[PDB]
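Asker: Quick one, query.tsv (TSV, C-alpha atoms and all ligand atoms):
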chain	number	residue	atom	x	y	z
A	4	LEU	CA	34.14	4.22	-21.33
A	5	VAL	CA	34.89	2.63	-24.71
A	6	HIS	CA	33.85	-0.98	-25.50
A	7	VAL	CA	35.35	-2.44	-28.65
A	8	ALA	CA	33.75	-5.51	-30.21
A	9	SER	CA	36.27	-8.42	-30.54
A	10	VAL	CA	35.26	-11.50	-32.56
A	11	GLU	CA	35.70	-14.76	-30.61
A	12	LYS	CA	38.95	-16.20	-32.07
A	13	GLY	CA	38.70	-17.69	-35.55
A	14	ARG	CA	34.91	-17.82	-35.49
A	15	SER	CA	32.70	-16.91	-38.46
A	16	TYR	CA	29.00	-17.16	-39.58
A	17	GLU	CA	28.89	-20.97	-39.62
A	18	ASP	CA	29.90	-21.11	-35.92
A	19	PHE	CA	27.16	-18.66	-34.80
A	20	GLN	CA	24.52	-20.39	-36.99
A	21	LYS	CA	25.37	-23.64	-35.06
A	22	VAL	CA	24.69	-21.82	-31.74
A	23	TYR	CA	21.42	-20.30	-33.17
A	24	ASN	CA	20.34	-23.82	-34.24
A	25	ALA	CA	21.15	-25.26	-30.83
A	26	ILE	CA	18.93	-22.61	-29.13
A	27	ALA	CA	16.09	-23.03	-31.72
A	28	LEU	CA	16.09	-26.84	-31.34
A	29	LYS	CA	15.85	-26.65	-27.53
A	30	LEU	CA	13.02	-24.00	-27.93
A	31	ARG	CA	11.10	-26.57	-29.96
A	32	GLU	CA	11.95	-29.42	-27.53
A	33	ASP	CA	11.25	-27.81	-24.14
A	34	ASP	CA	7.75	-26.67	-25.16
A	35	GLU	CA	5.92	-27.36	-21.86
A	36	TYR	CA	7.34	-24.36	-19.94
A	37	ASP	CA	4.90	-21.82	-18.47
A	38	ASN	CA	1.76	-23.76	-19.45
A	39	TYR	CA	2.97	-24.45	-22.95
A	40	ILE	CA	3.99	-20.90	-23.84
A	41	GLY	CA	7.54	-22.25	-24.22
A	42	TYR	CA	10.78	-20.28	-23.53
A	43	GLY	CA	10.60	-17.76	-26.42
A	44	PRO	CA	9.06	-14.79	-24.44
A	45	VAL	CA	11.38	-15.06	-21.34
A	46	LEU	CA	14.42	-15.18	-23.72
A	47	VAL	CA	13.50	-11.93	-25.53
A	48	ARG	CA	12.83	-10.35	-22.08
A	49	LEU	CA	16.33	-11.51	-20.93
A	50	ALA	CA	18.01	-9.92	-24.01
A	51	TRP	CA	16.08	-6.65	-23.32
A	52	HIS	CA	16.99	-6.60	-19.53
A	53	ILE	CA	20.73	-7.23	-20.08
A	54	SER	CA	20.72	-4.41	-22.71
A	55	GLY	CA	18.32	-2.11	-20.83
A	56	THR	CA	20.86	-1.20	-18.17
A	57	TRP	CA	22.78	1.02	-20.62
A	58	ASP	CA	23.34	4.68	-19.97
A	59	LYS	CA	24.19	6.91	-23.01
A	60	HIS	CA	25.87	9.53	-20.76
A	61	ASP	CA	28.82	7.45	-19.50
A	62	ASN	CA	28.49	4.24	-21.61
A	63	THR	CA	28.05	2.03	-18.54
A	64	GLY	CA	25.76	-1.04	-18.58
A	65	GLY	CA	24.43	-2.49	-21.82
A	66	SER	CA	24.83	-5.98	-23.35
A	67	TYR	CA	28.63	-5.88	-23.93
A	68	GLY	CA	30.05	-7.14	-20.66
A	69	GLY	CA	27.59	-10.00	-20.00
A	70	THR	CA	27.37	-8.93	-16.32
A	71	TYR	CA	23.99	-10.57	-15.67
A	72	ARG	CA	26.08	-13.66	-14.75
A	73	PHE	CA	27.18	-11.79	-11.55
A	74	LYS	CA	25.13	-11.94	-8.31
A	75	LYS	CA	24.26	-8.20	-8.15
A	76	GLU	CA	22.53	-8.11	-11.54
A	77	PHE	CA	21.11	-11.69	-11.44
A	78	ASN	CA	19.48	-10.78	-8.10
A	79	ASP	CA	18.04	-7.43	-9.21
A	80	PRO	CA	14.29	-7.49	-8.16
A	81	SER	CA	13.54	-6.18	-11.69
A	82	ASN	CA	15.08	-9.39	-13.14
A	83	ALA	CA	12.82	-11.71	-11.11
A	84	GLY	CA	11.84	-14.73	-13.24
A	85	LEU	CA	14.72	-14.40	-15.78
A	86	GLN	CA	16.65	-17.17	-13.96
A	87	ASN	CA	14.43	-19.44	-16.05
A	88	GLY	CA	15.96	-18.03	-19.26
A	89	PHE	CA	19.56	-18.29	-17.85
A	90	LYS	CA	18.92	-21.96	-16.92
A	91	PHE	CA	17.64	-22.67	-20.45
A	92	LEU	CA	20.84	-21.20	-22.00
A	93	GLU	CA	23.24	-22.85	-19.56
A	94	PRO	CA	23.43	-26.24	-21.43
A	95	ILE	CA	24.06	-24.40	-24.72
A	96	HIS	CA	26.93	-22.41	-23.19
A	97	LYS	CA	28.41	-25.74	-21.97
A	98	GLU	CA	28.23	-27.04	-25.56
A	99	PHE	CA	29.74	-23.86	-27.10
A	100	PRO	CA	32.09	-22.55	-24.32
A	101	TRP	CA	33.88	-20.21	-26.75
A	102	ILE	CA	30.87	-17.80	-27.08
A	103	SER	CA	30.95	-14.82	-24.75
A	104	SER	CA	28.08	-14.30	-22.28
A	105	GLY	CA	26.80	-11.02	-23.83
A	106	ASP	CA	26.75	-12.65	-27.29
A	107	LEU	CA	24.86	-15.73	-26.06
A	108	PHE	CA	22.21	-13.69	-24.08
A	109	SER	CA	21.64	-11.29	-27.03
A	110	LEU	CA	21.57	-14.14	-29.60
A	111	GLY	CA	18.99	-15.97	-27.41
A	112	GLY	CA	16.64	-12.93	-27.94
A	113	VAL	CA	17.23	-12.87	-31.74
A	114	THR	CA	16.66	-16.65	-32.07
A	115	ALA	CA	13.39	-16.50	-30.06
A	116	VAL	CA	11.87	-13.65	-32.15
A	117	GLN	CA	12.77	-15.37	-35.47
A	118	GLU	CA	11.61	-18.85	-34.41
A	119	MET	CA	8.30	-17.36	-33.16
A	120	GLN	CA	7.96	-16.04	-36.77
A	121	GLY	CA	8.89	-12.52	-36.14
A	122	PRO	CA	11.11	-10.45	-38.49
A	123	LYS	CA	14.77	-11.32	-39.23
A	124	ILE	CA	16.99	-9.39	-36.73
A	125	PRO	CA	20.60	-8.70	-38.06
A	126	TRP	CA	23.05	-9.59	-35.26
A	127	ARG	CA	26.71	-8.73	-34.67
A	128	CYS	CA	29.22	-10.76	-32.60
A	129	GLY	CA	32.14	-9.55	-30.48
A	130	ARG	CA	30.81	-8.70	-26.99
A	131	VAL	CA	33.54	-9.40	-24.40
A	132	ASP	CA	32.97	-10.54	-20.79
A	133	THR	CA	34.10	-7.89	-18.34
A	134	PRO	CA	34.95	-8.22	-14.55
A	135	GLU	CA	32.37	-8.32	-11.66
A	136	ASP	CA	33.20	-4.72	-10.69
A	137	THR	CA	31.77	-3.49	-14.03
A	138	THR	CA	28.29	-4.82	-13.06
A	139	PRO	CA	25.76	-1.88	-13.07
A	140	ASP	CA	23.85	-1.25	-9.87
A	141	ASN	CA	20.18	-2.26	-9.50
A	142	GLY	CA	17.47	0.31	-10.38
A	143	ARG	CA	18.22	1.05	-14.07
A	144	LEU	CA	15.31	-0.93	-15.45
A	145	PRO	CA	11.76	0.69	-15.78
A	146	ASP	CA	8.79	0.60	-13.37
A	147	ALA	CA	5.38	-0.62	-14.69
A	148	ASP	CA	3.01	1.60	-12.66
A	149	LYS	CA	3.81	4.92	-14.34
A	150	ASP	CA	2.57	7.10	-17.20
A	151	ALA	CA	3.63	8.20	-20.72
A	152	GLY	CA	5.92	11.06	-19.63
A	153	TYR	CA	7.87	8.61	-17.47
A	154	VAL	CA	8.23	6.07	-20.38
A	155	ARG	CA	9.40	8.86	-22.71
A	156	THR	CA	11.95	10.23	-20.20
A	157	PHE	CA	13.14	6.75	-19.24
A	158	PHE	CA	13.85	5.71	-22.88
A	159	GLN	CA	15.78	8.87	-23.59
A	160	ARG	CA	18.56	7.35	-21.38
A	161	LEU	CA	18.89	4.50	-23.98
A	162	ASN	CA	18.35	7.08	-26.74
A	163	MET	CA	15.27	5.70	-28.10
A	164	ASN	CA	12.78	8.17	-29.63
A	165	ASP	CA	8.94	7.78	-29.59
A	166	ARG	CA	8.79	5.61	-32.65
A	167	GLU	CA	11.51	3.23	-31.40
A	168	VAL	CA	9.77	3.02	-27.94
A	169	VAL	CA	6.30	2.14	-29.44
A	170	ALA	CA	7.86	-0.44	-31.83
A	171	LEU	CA	9.87	-2.12	-28.97
A	172	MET	CA	6.75	-2.24	-26.68
A	173	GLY	CA	4.94	-4.43	-29.29
A	174	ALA	CA	6.98	-7.34	-27.80
A	175	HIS	CA	4.52	-7.22	-24.84
A	176	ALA	CA	2.15	-9.25	-27.05
A	177	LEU	CA	4.45	-12.16	-26.06
A	178	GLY	CA	4.24	-14.40	-22.96
A	179	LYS	CA	2.56	-12.98	-19.85
A	180	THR	CA	2.97	-11.11	-16.57
A	181	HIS	CA	3.31	-13.41	-13.55
A	182	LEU	CA	2.09	-12.27	-10.09
A	183	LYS	CA	4.99	-13.78	-8.16
A	184	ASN	CA	7.65	-12.14	-10.42
A	185	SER	CA	6.32	-8.62	-10.86
A	186	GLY	CA	2.99	-8.16	-8.95
A	187	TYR	CA	0.98	-8.16	-12.19
A	188	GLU	CA	-1.00	-11.09	-13.65
A	189	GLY	CA	-2.22	-12.25	-17.07
A	190	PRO	CA	-1.54	-12.37	-20.88
A	191	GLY	CA	-1.94	-9.41	-23.29
A	192	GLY	CA	-3.69	-11.35	-26.07
A	193	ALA	CA	-4.55	-14.77	-27.53
A	194	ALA	CA	-1.38	-15.37	-29.62
A	195	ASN	CA	1.31	-15.12	-26.98
A	196	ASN	CA	4.14	-17.24	-28.45
A	197	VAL	CA	3.76	-16.11	-32.07
A	198	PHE	CA	5.25	-12.69	-32.92
A	199	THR	CA	2.45	-10.48	-34.38
A	200	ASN	CA	1.13	-6.85	-34.12
A	201	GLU	CA	-1.68	-8.01	-31.76
A	202	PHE	CA	-0.50	-5.71	-28.90
A	203	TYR	CA	-1.57	-2.64	-30.95
A	204	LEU	CA	-4.83	-4.24	-32.11
A	205	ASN	CA	-5.84	-5.17	-28.53
A	206	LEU	CA	-4.90	-1.78	-27.12
A	207	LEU	CA	-7.24	-0.02	-29.63
A	208	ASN	CA	-10.08	-2.60	-29.84
A	209	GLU	CA	-10.55	-4.04	-26.37
A	210	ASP	CA	-12.75	-2.53	-23.68
A	211	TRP	CA	-10.27	-2.03	-20.84
A	212	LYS	CA	-11.22	-1.77	-17.12
A	213	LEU	CA	-8.92	-0.38	-14.38
A	214	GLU	CA	-8.91	-3.06	-11.66
A	215	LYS	CA	-6.79	-4.11	-8.67
A	216	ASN	CA	-5.06	-7.48	-8.79
A	217	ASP	CA	-4.17	-9.89	-5.90
A	218	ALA	CA	-0.85	-8.15	-5.19
A	219	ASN	CA	-2.76	-4.87	-4.74
A	220	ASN	CA	-1.50	-3.27	-7.93
A	221	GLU	CA	-3.72	-1.66	-10.50
A	222	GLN	CA	-3.75	-2.96	-14.05
A	223	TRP	CA	-6.02	-2.69	-17.06
A	224	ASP	CA	-8.21	-5.76	-17.69
A	225	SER	CA	-10.53	-6.73	-20.53
A	226	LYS	CA	-13.63	-8.92	-20.89
A	227	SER	CA	-11.59	-11.38	-23.00
A	228	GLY	CA	-9.23	-12.25	-20.10
A	229	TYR	CA	-6.38	-9.97	-21.30
A	230	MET	CA	-4.42	-7.36	-19.40
A	231	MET	CA	-2.22	-4.32	-19.97
A	232	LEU	CA	0.32	-2.68	-17.64
A	233	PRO	CA	-0.16	1.03	-16.65
A	234	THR	CA	2.92	1.81	-18.82
A	235	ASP	CA	1.33	-0.17	-21.73
A	236	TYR	CA	-1.99	1.68	-21.57
A	237	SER	CA	0.08	4.92	-21.56
A	238	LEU	CA	0.61	4.48	-25.27
A	239	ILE	CA	-3.04	5.24	-26.10
A	240	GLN	CA	-3.24	8.12	-23.54
A	241	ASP	CA	-0.46	10.21	-25.17
A	242	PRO	CA	-1.25	11.87	-28.59
A	243	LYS	CA	2.22	11.24	-30.16
A	244	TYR	CA	2.33	7.59	-28.99
A	245	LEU	CA	-1.29	6.96	-30.02
A	246	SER	CA	-0.76	7.88	-33.67
A	247	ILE	CA	2.19	5.41	-33.98
A	248	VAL	CA	0.03	2.67	-32.21
A	249	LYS	CA	-2.60	3.24	-34.94
A	250	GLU	CA	0.06	3.04	-37.67
A	251	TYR	CA	1.35	-0.42	-36.44
A	252	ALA	CA	-2.20	-1.76	-35.86
A	253	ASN	CA	-2.89	-0.93	-39.53
A	254	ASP	CA	0.42	-2.14	-41.09
A	255	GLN	CA	2.09	-5.31	-39.74
A	256	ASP	CA	5.02	-5.15	-42.23
A	257	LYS	CA	5.99	-1.59	-41.05
A	258	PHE	CA	5.79	-2.86	-37.39
A	259	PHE	CA	8.14	-5.82	-38.26
A	260	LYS	CA	10.66	-3.56	-40.05
A	261	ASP	CA	10.67	-0.91	-37.30
A	262	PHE	CA	10.90	-3.53	-34.50
A	263	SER	CA	13.91	-5.23	-36.19
A	264	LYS	CA	15.82	-1.90	-36.43
A	265	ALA	CA	15.04	-0.81	-32.84
A	266	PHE	CA	15.77	-4.27	-31.30
A	267	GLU	CA	19.16	-4.52	-33.06
A	268	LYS	CA	19.98	-0.95	-31.91
A	269	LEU	CA	18.99	-1.89	-28.29
A	270	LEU	CA	21.29	-4.92	-28.36
A	271	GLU	CA	24.21	-2.92	-29.82
A	272	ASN	CA	24.11	0.24	-27.72
A	273	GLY	CA	27.47	1.03	-26.10
A	274	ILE	CA	29.56	-1.14	-28.48
A	275	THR	CA	32.15	0.22	-30.90
A	276	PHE	CA	32.59	-1.97	-33.97
A	277	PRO	CA	36.00	-1.55	-35.82
A	278	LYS	CA	35.60	-1.05	-39.66
A	279	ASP	CA	37.31	-4.38	-40.35
A	280	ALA	CA	34.65	-6.10	-38.12
A	281	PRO	CA	32.38	-8.57	-40.04
A	282	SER	CA	28.97	-7.44	-41.36
A	283	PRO	CA	25.81	-8.22	-39.27
A	284	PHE	CA	24.77	-11.87	-39.67
A	285	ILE	CA	21.19	-12.76	-40.83
A	286	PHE	CA	20.50	-16.31	-39.48
A	287	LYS	CA	18.29	-18.80	-41.21
A	288	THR	CA	15.43	-20.20	-39.20
A	289	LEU	CA	15.09	-24.02	-38.62
A	290	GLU	CA	12.13	-23.94	-41.04
A	291	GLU	CA	14.19	-22.27	-43.81
A	292	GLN	CA	16.87	-24.94	-43.27
A	293	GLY	CA	14.31	-27.79	-43.46
A	294	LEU	CA	15.37	-28.82	-39.95
A	301	LIG	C1	8.42	0.72	-19.92
A	301	LIG	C2	8.91	-0.54	-20.45
A	301	LIG	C3	8.73	-1.82	-19.91
A	301	LIG	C4	8.25	-2.23	-18.64
A	301	LIG	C5	7.87	-1.41	-17.39
A	301	LIG	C6	8.13	-3.61	-18.74
A	301	LIG	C7	7.58	-4.44	-17.74
A	301	LIG	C8	7.26	-5.80	-17.78
A	301	LIG	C9	6.74	-6.54	-16.73
A	301	LIG	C10	6.33	-6.04	-15.35
A	301	LIG	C11	6.65	-7.84	-17.22
A	301	LIG	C12	6.21	-9.09	-16.47
A	301	LIG	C13	7.35	-9.84	-15.76
A	301	LIG	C14	6.80	-11.11	-15.14
A	301	LIG	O1	5.92	-11.05	-14.29
A	301	LIG	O2	7.19	-12.20	-15.49
A	301	LIG	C15	7.09	-7.80	-18.53
A	301	LIG	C16	7.21	-8.90	-19.39
A	301	LIG	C17	7.76	-8.99	-20.68
A	301	LIG	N1	8.36	-7.95	-21.28
A	301	LIG	FE1	8.44	-6.01	-20.56
A	301	LIG	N2	8.57	-4.05	-19.92
A	301	LIG	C18	8.94	-2.98	-20.64
A	301	LIG	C19	9.47	-3.06	-21.93
A	301	LIG	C20	9.75	-4.21	-22.69
A	301	LIG	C21	10.44	-4.20	-23.89
A	301	LIG	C22	11.06	-2.93	-24.50
A	301	LIG	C23	10.57	-5.56	-24.24
A	301	LIG	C24	11.23	-6.20	-25.30
A	301	LIG	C25	11.79	-5.61	-26.50
A	301	LIG	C26	9.85	-6.27	-23.28
A	301	LIG	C27	9.58	-7.65	-23.33
A	301	LIG	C28	8.84	-8.42	-22.44
A	301	LIG	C29	8.46	-9.74	-22.64
A	301	LIG	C30	8.74	-10.62	-23.86
A	301	LIG	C31	7.73	-10.11	-21.51
A	301	LIG	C32	7.06	-11.46	-21.26
A	301	LIG	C33	7.98	-12.35	-20.41
A	301	LIG	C34	7.45	-13.73	-20.00
A	301	LIG	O3	6.43	-14.19	-20.49
A	301	LIG	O4	8.08	-14.40	-19.19
A	301	LIG	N3	9.44	-5.46	-22.30
A	301	LIG	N4	7.41	-6.56	-18.86
Once more with this new file: its structure as structure tokens, please.
Ligand code: HEM
Answerer:
Amino acid sequence: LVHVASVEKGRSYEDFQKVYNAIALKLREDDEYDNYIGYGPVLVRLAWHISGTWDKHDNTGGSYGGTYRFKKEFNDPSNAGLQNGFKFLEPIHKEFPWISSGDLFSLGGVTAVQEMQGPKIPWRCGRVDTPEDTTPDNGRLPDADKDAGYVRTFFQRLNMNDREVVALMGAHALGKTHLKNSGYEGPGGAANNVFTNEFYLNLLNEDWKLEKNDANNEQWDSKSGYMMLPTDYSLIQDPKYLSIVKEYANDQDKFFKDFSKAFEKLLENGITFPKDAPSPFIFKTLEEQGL
């Protein structure tokens, strides 16, 4: 399977910066969602789940085809709760009907990270919608009740190494787990709609307790009202993972730089860009534009 990026006809940077601005403006406007967390966290989880289906062995899945719009993928039990992110983006797709679905879902993740004052994420356009029969089957996304060996093996399918996995997991500082979506409940820290390295700091400094929640699943809970998934706590149980957790807890700029590289790679896996394709765009935030 080869997937060649094809720029939406006649579009350039200025067109995609208008779409970025439309998403950022609605993120600011619809601030009441999920007890005032806002839509930022569910939009970076949507960009990760539409990319996270990729398989390096046969180049199936991934963000290219925008197949989350089809019933099979939209209804995946692992995607429970992401309908809220799709509904947020639906008015913006009506306003810019020329953007492909893969490009809009991946750009929603980029916009959310940057507007929640995370690092700049370079982004490339050119994903092309593919037919319903190219939709990957359910079951390619990760379980939360496992250990470090499972996380390591799982991310080898997306060819992410240990460093890329630990950097990507720092996004779990954002938003919260919701009992009715996943069978887990609670936030991972106090700043859950501002992008920071707090996930690493909490993992190493909190006093965690293994408890059972109302859906009968075990999770790690702390005196401060925070929680961590079994796969999250994995990162301090493994010696290789633990030393990179300590590095990001002690250097927030290195965490931002490594996250940016791994998140762009996640969103681009499976796509072939021609050498006459445009360079990655770096979008300005609303704040840098005085908007
Ligand atoms: C082994 C890897 C991972 C597992 C098992 C996992 C699992 C989960 C689960 C169970 C939730 C809660 C869903 C809900 O109840 O609403 C969640 C939320 C979230 N995850 Fe992951 N995740 C993984 C990796 C990642 C990565 C790599 C990213 C992003 C780069 C990410 C971003 C998020 C975000 C932002 C949320 C919060 C969503 C919200 O507030 O609505 N996750 N994760």
Asker: Tell me which of A:18, A:150, A:279, A:76 sits closest to residue A:136, counting all atoms listed in the file.
Answerer: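 That would be A:76, the residue with the smallest distance to residue A:136.
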Asker: Which protein, DNA or RNA residues have an atom within 8 Å of ligand LIG 301 (chain A), counting all atoms listed in the file, as number ranges by chain?
Answerer: A: 40, 42-48, 50-51, 83-85, 144-148, 154, 157-158, 168, 171-188, 232, 234-235, 266
Asker: At a cut-off of 10 Å, using all atoms listed in the file, what residues contact residue A:128? Leave out same-chain residues fewer than 2 positions from it and give the result as an NGL selection string.
Answerer: :A and (8-11 or 14-16 or 19 or 67 or 102-103 or 105-107 or 109-110 or 126 or 130-131 or 271 or 276 or 280-284)
Asker: Using all atoms listed in the file, can you tell me which of A:195, A:156, A:288, A:104 comes closest to residue A:27?
Answerer: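 Among the listed residues, A:288 lies closest to residue A:27.
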Asker: Please identify all polymer residues within 12 Å of residue A:33, counting all atoms listed in the file, omitting same-chain residues fewer than 4 positions from it, and present them as a list in words.
Answerer: residues 26, 27, 28, 29, 37, 38, 39, 40, 41, 42, 43, 88, 91 and 92 of chain A
Asker: Under the rule that all atoms listed in the file are counted, which of A:275, A:24, A:78, A:141 is the nearest residue to residue A:95?
Answerer: A:24
Asker: What is the distance, in Å and to one decimal place, between atom CA of residue A:99 and atom CA of residue A:79?
Answerer: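 It comes out at 27.0 Å.
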Asker: Which is closer to residue A:153 than all the others in A:293, A:233, A:277, A:242, using only C-alpha atoms?
Answerer: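 Ranking A:293, A:233, A:277, A:242 by distance to residue A:153, first place goes to A:233.
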Asker: Restricting the calculation to all atoms listed in the file: of A:246, A:62, A:20, A:222, which residue gets closest to residue A:149?
Answerer: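 Closest residue, counting all atoms listed in the file: A:222.
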Asker: One decimal, in Å: what's the spacing between atom CA of residue A:13 and atom CA of residue A:134?
Answerer: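 Here the two named atoms are 23.3 Å from each other.
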Asker: Kindly give the distance, in Å, that separates atom CA of residue A:65 and atom CA of residue A:53, rounded to a single decimal.
Answerer: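 Atom CA of residue A:53 lies 6.3 Å from atom CA of residue A:65.
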Asker: Which residue out of A:217, A:291, A:209, A:167 has the minimum interatomic distance to residue A:268 when all atoms listed in the file are used?
Answerer: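 For residue A:268, the nearest of the given residues is A:167.
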Asker: Find the residues around residue A:260 up to 10 Å (all atoms listed in the file counted), leave out those fewer than 6 positions away in its own chain, and share them as a list in words.
Answerer: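 Residues meeting the cut-off are residues 121, 122, 123, 124 and 170 of chain A.
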Asker: Excluding residue A:248 and its own-chain neighbours fewer than 4 positions away, which residues fall within 12 Å of it when counting only C-alpha atoms? Please give them as a ChimeraX atom specification.
Answerer: /A:165-173,200-208,235-244,252-255,257-258
Asker: Quick one: write out the picked residues with C-alpha atoms as a compact mmCIF listing (two decimals), in the coordinates of the input?
Answerer:
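Result file follows (part.txt):
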# COMPACT_ATOMS: atom_id res chain seq x y z
CA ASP A 165 8.94 7.78 -29.59
CA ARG A 166 8.79 5.61 -32.65
CA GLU A 167 11.51 3.23 -31.40
CA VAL A 168 9.77 3.02 -27.94
CA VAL A 169 6.30 2.14 -29.44
CA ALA A 170 7.86 -0.44 -31.83
CA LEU A 171 9.87 -2.12 -28.97
CA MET A 172 6.75 -2.24 -26.68
CA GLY A 173 4.94 -4.43 -29.29
CA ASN A 200 1.13 -6.85 -34.12
CA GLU A 201 -1.68 -8.01 -31.76
CA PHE A 202 -0.50 -5.71 -28.90
CA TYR A 203 -1.57 -2.64 -30.95
CA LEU A 204 -4.83 -4.24 -32.11
CA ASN A 205 -5.84 -5.17 -28.53
CA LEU A 206 -4.90 -1.78 -27.12
CA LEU A 207 -7.24 -0.02 -29.63
CA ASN A 208 -10.08 -2.60 -29.84
CA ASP A 235 1.33 -0.17 -21.73
CA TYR A 236 -1.99 1.68 -21.57
CA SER A 237 0.08 4.92 -21.56
CA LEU A 238 0.61 4.48 -25.27
CA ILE A 239 -3.04 5.24 -26.10
CA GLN A 240 -3.24 8.12 -23.54
CA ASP A 241 -0.46 10.21 -25.17
CA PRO A 242 -1.25 11.87 -28.59
CA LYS A 243 2.22 11.24 -30.16
CA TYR A 244 2.33 7.59 -28.99
CA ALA A 252 -2.20 -1.76 -35.86
CA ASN A 253 -2.89 -0.93 -39.53
CA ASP A 254 0.42 -2.14 -41.09
CA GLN A 255 2.09 -5.31 -39.74
CA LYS A 257 5.99 -1.59 -41.05
CA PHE A 258 5.79 -2.86 -37.39
Asker: Hey, could you pull the box centre and edge lengths for stretch 108-111 of chain A, axis-aligned, 4 Å padding per side, all listed atoms, to one decimal in Å, as lines of an AutoDock Vina configuration file?
Answerer:
center_x = 20.6
center_y = -13.6
center_z = -26.8
size_x = 11.2
size_y = 12.7
size_z = 13.5
Asker: If we count only C-alpha atoms and set the cut-off at 9 Å, which residues sit around residue A:125, ignoring sequence neighbours fewer than 2 positions away in its own chain? Please answer as an MDAnalysis selection string.
Answerer: chainID A and resid 113 123 127 263:264 267 283:286
